[PDB]
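Taking the form deposited in one PDB entry, here's one chain by itself in structure tokens.
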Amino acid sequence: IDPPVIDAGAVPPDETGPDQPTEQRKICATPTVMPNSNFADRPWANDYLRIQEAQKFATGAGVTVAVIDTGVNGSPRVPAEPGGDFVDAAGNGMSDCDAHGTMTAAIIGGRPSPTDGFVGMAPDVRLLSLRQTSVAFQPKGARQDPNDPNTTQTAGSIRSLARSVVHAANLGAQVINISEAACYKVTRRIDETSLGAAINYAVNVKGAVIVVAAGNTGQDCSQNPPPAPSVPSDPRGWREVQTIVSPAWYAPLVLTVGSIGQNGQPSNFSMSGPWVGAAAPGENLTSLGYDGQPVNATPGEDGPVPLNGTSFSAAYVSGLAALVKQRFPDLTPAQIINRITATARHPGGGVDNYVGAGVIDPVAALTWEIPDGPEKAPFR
């Protein structure tokens, strides 16, 4: 496989709604807490990333961040505004039935409280919520041809994602957080032309920074092998890829973010690939729930399960993009992404398939004097 090429002409129409009609599969979910949690303490991510120190330089004021996720149950501390529904034929993105988008939005822009130590990266941003994925709601129709890669649920989500990206760009978002990581085998390619075109439109026509989750391993998402040291022509292991992750693989047009744990090491669930560009805390996280109150778990069969995921990692980096955007308002998306990746805590070898250019360093990103670099990223 090669890096994807973009058909600039194939921008999809600015229309809401799912790719195919959906039905409910599961009861709507509600976040919860781990026993013996202490929300007076700062979340470990806030200390690790030096968020308080970073907020001396910017808060995200004047910046609008689009959260493309499972919807948001808004509150005063997570004051998201409706950005549309791409899962239900009638909705506005302000209904979180999955207990996910709400916590993503709060990591990006959650407001502080006198009664706990939680604050988002960029607490003065405007938040737009577009619901584009859901586990509670799924396509109801059976595929009429099991052999057609373009009728899989994955392909449908890629097509609806493409519309949501155009929609977010047109609503005036300057930063777009995409939680979706559509994974498919390299041997079973999906036609992503509308998605590549939507991304080019959002970034290069509307000037939006797009930050995306690297993806989590699971069913349907299998870890990529590491580069093969004997092929110097292919140091990032493009030829070794077994699983395409999209929109992750549109790097560096987008910034793809992997996850690290408290020990600063790459999370075992973080999807690796030659397109990964940065990393951020993505394990044992704290965020805010449906009333703007601190949560740090979702319910589970054997007990509550901590907040983990590369989408929360991307959220931290989206929040940082918003901080950089306030502080440096004339930088283009490529230049904002350059400040974020250049100032990152780089791994051995400079870059790798797990953390990309390394874990983000908000204070360095807001203060280091570096060359701005080119206005636009090179794309095929």
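The numbering used is simple: start at 1 and walk along the sequence shown.
Although it is not shown, the form deposited with a partner chain bound is what the next lines describe.
*Asks:* Which of 165-173, 191-199, 261-269, 297-305 has heavy atoms within 4.5 Å of the partner chain in the entry with it bound?
*Replies:* After filtering at 4.5 Å, what remains is 297-305.
*Asks:* Which residue among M103, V245, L128, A278 has a heavy atom within 4.5 angstroms of the partner chain in the entry with it bound?
*Replies:* For this set of options, the contacting one is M103.
*Asks:* State the residue from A99, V241, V119, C183 whose non-hydrogen atoms include one within 4.5 Å of the partner chain in the entry with it bound.
*Replies:* Filtering the options by heavy-atom distance leaves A99.
*Asks:* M94 near the partner chain in the entry with it bound, any heavy atom under 4.5 Å?
*Replies:* No, no contact at 4.5 Å.
*Asks:* So in the entry with it bound, is the partner chain close enough to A136 to count as touching (4.5 Å, heavy atoms)?
*Replies:* Output for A136 is yes: heavy atoms within 4.5 Å of the partner chain.
*Asks:* I'd like to check something about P123: if you look in the entry with it bound, is any of its heavy atoms closer than or equal to 4.5 Å to a heavy atom of the partner chain?
*Replies:* Heavy-atom contact with the partner chain at 4.5 Å: absent for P123.
*Asks:* In the entry with it bound, is there a heavy atom of the partner chain that lies within 4.5 Å of any heavy atom of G289, even though the partner is absent here?
*Replies:* Yes.
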